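Chains as they are written, first to last, in PDB author numbering: chain 1X, 115 to 171; chain 1h, 81 to 143.
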Amino acid sequence: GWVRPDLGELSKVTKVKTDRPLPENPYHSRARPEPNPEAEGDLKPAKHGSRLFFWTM
Amino acid sequence: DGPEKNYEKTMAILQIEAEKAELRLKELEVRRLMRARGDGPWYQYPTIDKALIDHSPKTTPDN
């Protein structure tokens, strides 16, 4: 009681239930490094202008 | 003009100058610290973006 699978019939990706738990860390990766310190705040004018040598502004 | 004119103008001159000078010193210190540690906005040199990597299943497993 078997049939020859059609062309491409035994090629589509299927699904299957497995009672095993999910591999939460397949690569066994460590703790990821923390990001750079996030910065925020509106741009207030630079204090005393350029502040480069004698330039007032 | 009265002496009060020049004198009142000149402590303001000195205050602006000092509030610039200690800022310059603090800028040298901040720039050095942020070049050394790097835990901040600038002096952060580039790296590799994580979006280039691909996670879809490959031909061979365990890769």
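The beta-carbon is built from N, C-alpha and C at its ideal position, and this holds for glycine as well.
Interface residues of chain 1X facing residue i [CB-CB closer than 7 Å]
i, result
"residue 96 (chain 1h)", "162"
Residue range of the unbroken alpha helix (DSSP H) whose run includes residue i
i, result
"residue 116 (chain 1h)", "83-116"
DSSP state of residue i mapped onto helix, strand, coil
i, result
"residue 157 (chain 1X)", "coil"
"residue 121 (chain 1X)", "coil"
Contact list for residue i against chain 1h, beta-carbon separation under 7 Å
i, result
"residue 165 (chain 1X)", "100, 103 and 104"
Partners in chain 1X for residue i, counting only beta-carbon separations shorter than 8 Å
i, result
"residue 119 (chain 1h)", "150 and 151"
Supposed contact pair residue j and residue i - C-beta distance, whole angstroms, cut 8 Å
i, j, result
"residue 103 (chain 1h)", "residue 161 (chain 1X)", "6 Å"
Query raised in the report: Does the segment 90-101 of chain 1h come close enough to the segment 126-133 of chain 1h that 3 or more CB-CB pairs lie under 8 Å?
Result: No, because fewer than three Cβ pairs between the segment 126-133 of chain 1h and the segment 90-101 of chain 1h fall closer than 8 Å, the two stretches do not touch.
Query - Any 3 or more C-beta pairs closer than 8 Å across the segment 134-141 of chain 1X and the segment 104-120 of chain 1h - result: The segment 134-141 of chain 1X, when compared against the segment 104-120 of chain 1h, does not touch it at the 8 Å Cβ threshold.
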